[PDB]
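Residue numbers for the sequence shown follow the UniProt record's numbering, beginning at 90 and rising by one. Heads up: the structure comes next, in structure tokens.
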Amino acid sequence: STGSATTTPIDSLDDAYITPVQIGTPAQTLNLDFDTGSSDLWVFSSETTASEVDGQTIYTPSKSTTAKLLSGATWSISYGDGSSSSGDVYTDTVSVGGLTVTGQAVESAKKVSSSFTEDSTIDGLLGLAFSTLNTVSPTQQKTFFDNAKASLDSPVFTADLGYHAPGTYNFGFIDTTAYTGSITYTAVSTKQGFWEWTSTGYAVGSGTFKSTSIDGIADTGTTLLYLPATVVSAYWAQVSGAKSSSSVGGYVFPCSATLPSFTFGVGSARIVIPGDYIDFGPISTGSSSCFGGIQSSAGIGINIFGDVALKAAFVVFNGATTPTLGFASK
Numbered sequence: 090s091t092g093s094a095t096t097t098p099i100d101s102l103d104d105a106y107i108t109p110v111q112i113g114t115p116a117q118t119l120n121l122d123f124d125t126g127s128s129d130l131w132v133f134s135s136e137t138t139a140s141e142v143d144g145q146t147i148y149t150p151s152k153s154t155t156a157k158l159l160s161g162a163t164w165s166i167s168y169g170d171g172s173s174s175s176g177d178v179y180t181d182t183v184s185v186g187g188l189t190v191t192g193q194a195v196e197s198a199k200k201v202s203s204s205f206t207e208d209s210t211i212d213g214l215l216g217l218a219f220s221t222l223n224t225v226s227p228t229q230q231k232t233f234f235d236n237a238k239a240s241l242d243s244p245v246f247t248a249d250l251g252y253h254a255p256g257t258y259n260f261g262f263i264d265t266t267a268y269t270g271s272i273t274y275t276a277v278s279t280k281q282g283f284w285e286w287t288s289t290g291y292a293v294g295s296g297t298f299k300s301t302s303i304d305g306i307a308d309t310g311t312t313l314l315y316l317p318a319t320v321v322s323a324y325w326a327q328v329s330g331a332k333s334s335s336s337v338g339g340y341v342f343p344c345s346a347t348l349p350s351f352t353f354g355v356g357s358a359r360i361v362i363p364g365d366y367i368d369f370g371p372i373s374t375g376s377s378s379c380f381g382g383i384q385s386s387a388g389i390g391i392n393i394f395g396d397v398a399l400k401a402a403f404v405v406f407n408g409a410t411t412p413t414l415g416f417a418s419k
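Rendered as structure tokens:
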């Protein structure tokens, strides 16, 4: 089998991307944030505290003839941005772009943190990291990809995120028309449950390439590119007036600037992020200070190749027995 679904930025900044997902019978379509950095499929639901729902589409398991309570199972998750959510668990039929998994764990939110409530366009998350990170207790549950894997033509999914434009998530096949050149594959460590890999270095703008190993994760659920403070300082040093602001919480730069590109290494290959992809616009409406798309990972404990990096590439998440990651220019 295969599946293919369009993913769409939630806003003009590409803060996140939502993909329609069919849950239950008859289908209830929710727009989920596909997150290669987590491993829970959780949704706003008829069980979510009413005060914490602000415009999201909810999953109502009582209206699905295929929903079954996963008796005794609960879930609870905290994310990098202090956001959290928790609740109980159903199994139901879940379809993405024509690819169907029966008996998928659908985690129904009883509570969500305010970051999710404020995101009226995101109805939930669909985790695509390794199932070892799934928070369901006492019986850990498999991701949608893990459940679909054996049925897929190839045990892969691909992320082709657009820049200020829709993109595509495919399951089970590689669209060889979706990228230029070749896909360079690189080793993945699953030891932390992530699509964790090592970039071979970086360049800023037209500068030469600095060979240096950068261990990080491919995370479609993170907006920005988080890299070591040394690398981030070398980037922003090329932008007149750019500086790190503790009050804002990262590097800002004059909105009048044109930003240099940023290249990252995948083996001997190179992915070039255009400078415009690094511009996240005014820190507040009308401000002439703009927020940078490359930020320091120093306080996080891991480097994160978020959407800023991933949307510059066609990315293969190869879930073969030995997982690998593939990157191609596009």
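Backbone N, C-alpha and C fix where the C-beta goes; we use that ideal spot for every residue, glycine too.
Could you tell me which residues DSSP puts in a beta bridge with residue i?
{"i": "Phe416", "result": "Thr273, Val404"}
{"i": "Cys379", "result": "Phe342, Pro371"}
{"i": "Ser334", "result": "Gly339"}
{"i": "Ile393", "result": "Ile306, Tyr315"}
{"i": "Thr163", "result": "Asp177, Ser226"}
{"i": "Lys200", "result": "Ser175"}
On the DSSP letters alone, give me the boundaries of the beta strand (DSSP E) that residue i sits inside.
{"i": "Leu214", "result": "213 to 216"}
{"i": "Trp325", "result": "Careful: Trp325 lies outside any beta strand (DSSP E), inside the alpha helix (DSSP H) at 318 to 325."}
{"i": "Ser184", "result": "173 to 185"}
{"i": "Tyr258", "result": "256 to 260"}
{"i": "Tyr366", "result": "Element bounds for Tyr366: n/a, residue is neither H nor E."}
{"i": "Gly388", "result": "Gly388 -> no beta strand (DSSP E), and no H or E assigned at all."}
{"i": "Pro109", "result": "106 to 112"}
{"i": "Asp122", "result": "117 to 124"}
So, residue i versus residue j, is the Cβ gap smaller than 8 Å?
{"i": "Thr273", "j": "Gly415", "result": "yes"}
{"i": "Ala198", "j": "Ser134", "result": "yes"}
{"i": "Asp308", "j": "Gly395", "result": "yes"}
{"i": "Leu217", "j": "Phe406", "result": "yes"}
{"i": "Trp286", "j": "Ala276", "result": "yes"}
{"i": "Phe353", "j": "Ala398", "result": "yes"}
{"i": "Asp181", "j": "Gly92", "result": "no"}
{"i": "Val183", "j": "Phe260", "result": "no"}
{"i": "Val185", "j": "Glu196", "result": "no"}
Go ahead and label residue i buried or exposed: buried means 16 or more other beta carbons lie within 10 angstroms of its beta carbon, across all protein chains shown.
{"i": "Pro227", "result": "exposed"}
{"i": "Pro255", "result": "exposed"}
{"i": "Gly381", "result": "buried"}
{"i": "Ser127", "result": "buried"}
{"i": "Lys400", "result": "buried"}
{"i": "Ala326", "result": "exposed"}
{"i": "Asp264", "result": "exposed"}
{"i": "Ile306", "result": "buried"}
{"i": "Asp103", "result": "buried"}
{"i": "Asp129", "result": "buried"}
{"i": "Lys152", "result": "exposed"}
{"i": "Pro115", "result": "exposed"}
{"i": "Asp208", "result": "buried"}
{"i": "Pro98", "result": "buried"}
{"i": "residue 76", "result": "This structure cannot settle anything about residue 76, because the visible part of the chain is limited to 90 through 419."}
Which first and last residues belong to the alpha helix (DSSP H) in which residue i is found?
{"i": "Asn236", "result": "233 to 237"}
{"i": "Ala398", "result": "396 to 399"}
{"i": "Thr206", "result": "203 to 206"}
Worksheet item: Is there contact between the segment 202 to 216 and the segment 363 to 381, where contact requires at least three CB pairs shorter than 8 Å?
Response: no
Worksheet item: So does the segment 314 to 331 actually touch the segment 345 to 360, counting three or more Cβ pairs closer than 8 Å?
Response: yes
Discussion item. Tell me whether the segment 228 to 246 and the segment 185 to 193 touch, counting them as touching only if at least three CB pairs, one residue from each stretch, are closer than 8 Å.
Written reply: yes
Practice prompt. Mind the definition here: the segment 383 to 397 touches the segment 317 to 324 only if three or more C-beta pairs lie below 8 Å; say whether that holds.
Written response: yes
Worksheet item: Taking three-plus beta-carbon pairs below 8 Å as touching, is the segment 157 to 173 in contact with the segment 105 to 122?
Response: no
Practice prompt. Evaluate the contact criterion for the segment 141 to 150 versus the segment 94 to 110: three or more CB pairs, one atom per stretch, below 8 Å.
Written response: no
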